[PDB]
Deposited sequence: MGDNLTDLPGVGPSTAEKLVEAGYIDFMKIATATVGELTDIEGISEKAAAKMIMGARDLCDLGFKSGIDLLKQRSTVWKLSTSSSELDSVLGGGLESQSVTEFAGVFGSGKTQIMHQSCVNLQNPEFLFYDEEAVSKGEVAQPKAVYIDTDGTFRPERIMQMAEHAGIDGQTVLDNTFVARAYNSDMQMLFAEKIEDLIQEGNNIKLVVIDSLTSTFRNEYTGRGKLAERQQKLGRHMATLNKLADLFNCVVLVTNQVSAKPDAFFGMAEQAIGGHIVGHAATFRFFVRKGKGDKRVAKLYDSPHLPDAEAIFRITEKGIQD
């Protein structure tokens, strides 16, 4: 850290204690976050930020460099052919993909499946020139359980069928049981901590994303405070997916908020499931049919 213009040994200690350990968190910080450190004047705060930006090289980019930026994105297989396809390859990192369906349409199932697929090295698609094996080594997932529907059996099961060790998934998956929007949001914010503890967090799950809010703010008259709270949570989720190049997933049950990829899932006949991609930045709307069996998502 002392590499940063103005930053010395003492200051370095302050910054590391306030959460700012790496450059990108400093290069993308606001002169406010940093000054609120006390001892970190608005003067030095601007200087270290101008600097951290430079080192990380956050300027204007054009031509072929734009493709280089877009290749730092890796994807995760959902274990469905039609779904990965509709996904344009699979679940993207640096973005928040949301599955919003009806009761028992499969949201939680897709969530579990992903935790498992993360421990299957072959299920992460990327360009090795922009994303080295080391970056995706010992990936771990954080599962913020809102409804209390995390089921370790179901993990073990999906693993066994995938041909991998379920105990290995359980060992690399952090589950946090949230009972309300405060715990939910906080757990989310506390993820940056597991990463500084040396945890290669690459998958984040919020099941559900919109449950606690609806319950805490049913009053459709105090909607403001709510939508603010929820939107601020999303901002954290996105920033989190960008800076730590990791896939973030959220579920939303339905019979407004930011989410870079929007899916609407519904039950079919029996196993059959219909996932409808109605919103995304570069892909056309489309439907993906898959199913859920003892093996998880398949076809």
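According to the record, C-alpha coordinates are lacking for deposited residues 1 to 4, 260 to 278.
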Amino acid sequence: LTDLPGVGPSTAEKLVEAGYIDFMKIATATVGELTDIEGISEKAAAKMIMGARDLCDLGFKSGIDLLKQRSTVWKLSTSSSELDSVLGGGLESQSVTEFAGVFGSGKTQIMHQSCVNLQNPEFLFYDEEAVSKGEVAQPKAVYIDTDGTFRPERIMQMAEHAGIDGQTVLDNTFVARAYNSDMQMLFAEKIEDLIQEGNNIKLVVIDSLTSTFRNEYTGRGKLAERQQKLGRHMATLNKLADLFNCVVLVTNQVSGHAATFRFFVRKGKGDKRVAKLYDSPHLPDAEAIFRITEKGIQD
From here on, numbers count along this sequence of modelled residues.
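Legend: mean Cα B-factor per stretch from the PDB entry, 33 to 41 versus 269 to 277; the higher mean is in 33 to 41. Averaged over CA atoms, B-factors in the entry run higher in 210 to 218 than in the other of 210 to 218 and 99 to 107. Note on the listed residues 248, 234, 243, 58: the highest Cα temperature factor in the record is that of 58. Highest C-alpha temperature factor among 135, 84, 182, 189, as the PDB entry reports it: 135. In this PDB entry, the Cα temperature factor of residue 238 sits in the bottom third of its chain's modelled residues, the lowest group. Sorting the modelled residues of the chain by their CA temperature factor places residue 226 in the highest third. Sort the modelled residues of the chain by CA B factor and residue 128 lands in the highest third. Among the modelled residues of the chain, residue 92 sits in the middle third by CA temperature factor in this PDB entry. Residue 117 sits in the lowest third of its chain by CA B factor, as recorded in the PDB entry.
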